[PDB]
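Have a look below at one chain only, the form deposited without the ligand, in structure tokens format.
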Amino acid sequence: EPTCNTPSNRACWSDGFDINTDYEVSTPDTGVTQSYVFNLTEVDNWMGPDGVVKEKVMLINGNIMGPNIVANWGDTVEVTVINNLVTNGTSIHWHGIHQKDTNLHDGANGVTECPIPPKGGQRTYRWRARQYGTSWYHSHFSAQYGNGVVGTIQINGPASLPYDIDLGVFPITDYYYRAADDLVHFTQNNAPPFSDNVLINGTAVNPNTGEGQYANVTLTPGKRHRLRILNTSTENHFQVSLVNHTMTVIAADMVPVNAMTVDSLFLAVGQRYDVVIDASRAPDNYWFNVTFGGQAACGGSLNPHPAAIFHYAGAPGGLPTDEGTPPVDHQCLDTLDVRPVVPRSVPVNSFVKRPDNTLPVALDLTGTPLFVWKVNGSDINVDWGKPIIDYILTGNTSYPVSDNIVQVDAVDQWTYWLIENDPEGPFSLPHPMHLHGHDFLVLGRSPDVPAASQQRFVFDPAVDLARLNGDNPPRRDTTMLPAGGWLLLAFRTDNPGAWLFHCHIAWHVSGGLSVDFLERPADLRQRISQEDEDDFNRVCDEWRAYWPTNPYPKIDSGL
């Protein structure tokens, strides 16, 4: 753990480990393990934080969110998940945790494991904390995490800027009264709805009844505070800001970045931002605002002004008085100005669009249901009863077309992927793309234009090769795919396994927007221990025995 990490020197951690250490290839071994136990229950007619009683929710240990995972850079995190839901199977994915050589602990049901059966099923996840920062976890059993199976992850380590207080996690999520399975069914033939409310750190005031309450953050006058903001929504994409205050980003997702002071921030579904706010203003109460932009192209809420209160220690304690000015419209796009502390460099002068490096996203309105998302001609649909890893363990290469298997044999090399966002269809929407097992490099994207303008673009070397940047570009696990445009990413094949690459909007991945990167399959088998294998077969045997008795059918892709 830490020894030299002080308020005025956060760059220091322990001998041989600091903010400049390449955390991707060097990990401190503390020999320490942090354990947790997740009890999943299905609660009917549960009263929410704003006053409304939801029809049904799924909770980890009876709370709106699971427990905050907390550990030090280099420790081992272990979580026993006991599934006490009535019918649903379940899987907990650790969003942001690359799972280096531990693919079978990724929590991607139908891909790296069968779901943990209901009514008592259990399985223990175990992974090493090889990266420090802020992340989160959630179910991957369809849109289940929309009912409550979600929580945060805080792995301590160095920082690119000194600060006095670490305020901790600050999850911002959209909140719907209807249940995930109902919304999934609804979104298969209807446009997605606005969120009934937006929760800031678990709470919110009902805009109709006045019930509920504002999240209350207390700043220590004169001190610099670290705030870890996350967006754990199923659809809503946010914009945040603090009246009369700026924010200095020091981390994008779980990647530390050079200090970048901003006025507001756009956070896509699944993104995080570690910021340092300085209590240098007059003691008072200020509004922390959540606003939307991009003309509803990436979300909207029925609560016109979701917000929290930042109270200065010592000032009166009422509601803030200054409503402030609306932040700039970020047009459903994240900033590409972030520069990671630990650099990366990849050539882009030699890129060339090809069928095997291009992933065309399309919306198919000709079949059933109405809204079906496809990538390279197919809507993904995994088999909960026979994940891809089972094929790997049985020398079976007959992968069904539905699994959208994109095999990458390259050994520890940079791979380039151009994702095209339905440039030829009726209409295109912004899509937050996310990759399991790695942090990709955002080499570039189509020109920034209003998200609703419906302008289209198609990669054109004559103009775009000049727009690409491979000189330490933003590195992270989630970034925005411009509406009607394209996006060029890159990730190094340093981690054998089956990795999902999907859109994090629940409604979409559910509808099929996803592929499965089968990375270095030949090296994969040799690296799966007898234990992960046996337990894999164990959980799969229990799930296969259960399924036939399930009273419900699988309605979507299962992801």
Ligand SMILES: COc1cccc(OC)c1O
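We number the residues from 1 along the sequence you see.
Undergrad: When the Cα temperature factors in the entry are averaged, is it 193 to 201 or 253 to 261 that ends up higher?
TA: On average, C-alpha B-factors are higher across 253 to 261.
Undergrad: Determine, for stretches 38 to 46 and 506 to 514, which one has the higher mean CA B-factor as deposited.
TA: If you average the C-alpha B-factors of 38 to 46 and of 506 to 514, the larger mean comes out for 38 to 46.
Undergrad: Name the one of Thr152, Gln454, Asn83, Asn231 with the greatest CA B-factor according to the PDB entry.
TA: Checking the PDB record, the top C-alpha B-factor among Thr152, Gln454, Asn83, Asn231 is at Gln454.
Undergrad: Quiz for you: based on the deposited Cα B-factor, which of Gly157, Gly444, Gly121, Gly317 is highest?
TA: In this record, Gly317 carries the highest C-alpha B-factor of the candidates.
Undergrad: Compared with the other modelled residues in the chain, in which third is the CA B-factor of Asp390?
TA: Middle third by C-alpha B-factor.
Undergrad: Taking only the Cα B-factors deposited for this chain, tell me whether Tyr137 sits in the lowest, middle or highest third.
TA: Tercile = lowest for this residue's CA B-factor.
Undergrad: Per the entry's values, where does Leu500 land by CA temperature factor relative to the rest of its chain, in the lowest, middle or highest third?
TA: For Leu500, whose C-alpha B-factor we compare with every modelled residue in the chain, the answer is the lowest third.
Undergrad: Based on the entry's values, in what third of the chain does the Cα temperature factor of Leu59 lie: lowest, middle or highest?
TA: According to the entry, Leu59 has a C-alpha B-factor in the chain's lowest third.
Undergrad: Would you mind ranking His225 by its C-alpha B-factor against the rest of the chain and naming the third, lowest, middle or highest?
TA: For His225, the deposited C-alpha B-factor lands in the highest third.
The discussion below concerns the form deposited with the ligand bound, not included here.
Undergrad: Hey, of 257 to 265, 294 to 302, 339 to 347, 108 to 116, which bit sits against the ligand in the bound PDB entry at 4.5 Å between non-hydrogen atoms?
TA: Comparing against the ligand in the bound PDB entry, the contact stretch is 294 to 302.
Undergrad: Identify, from the list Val442, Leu429, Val269, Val361, the residue with a heavy atom within 4.5 Å of the ligand in the bound PDB entry.
TA: Selected option: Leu429.
Undergrad: Though the ligand is not shown, can you say which of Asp464, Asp75, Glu235, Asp196 has a heavy atom within 4.5 Å of it in the bound PDB entry?
TA: Residue within 4.5 Å of the partner: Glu235.
Undergrad: Quick one: is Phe457 in contact with the ligand in the bound PDB entry, heavy atoms, 4.5 Å cut-off?
TA: No, no contact at 4.5 Å.
Undergrad: Is there any non-hydrogen atom of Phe371 lying within 4.5 Å of the ligand in the bound PDB entry?
TA: Yes, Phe371 is a contact residue.
Undergrad: Wondering, does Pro192 line up within 4.5 Å of the ligand in the bound PDB entry on heavy atoms?
TA: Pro192: yes, in contact with the ligand in the bound PDB entry.
Undergrad: Since the partner is left out here, which residues of 506 to 540 would have a heavy atom within 4.5 Å of the ligand in the bound PDB entry?
TA: Read in sequence order, the lone residue that approaches the ligand (within 4.5 Å, in the bound PDB entry) is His508.
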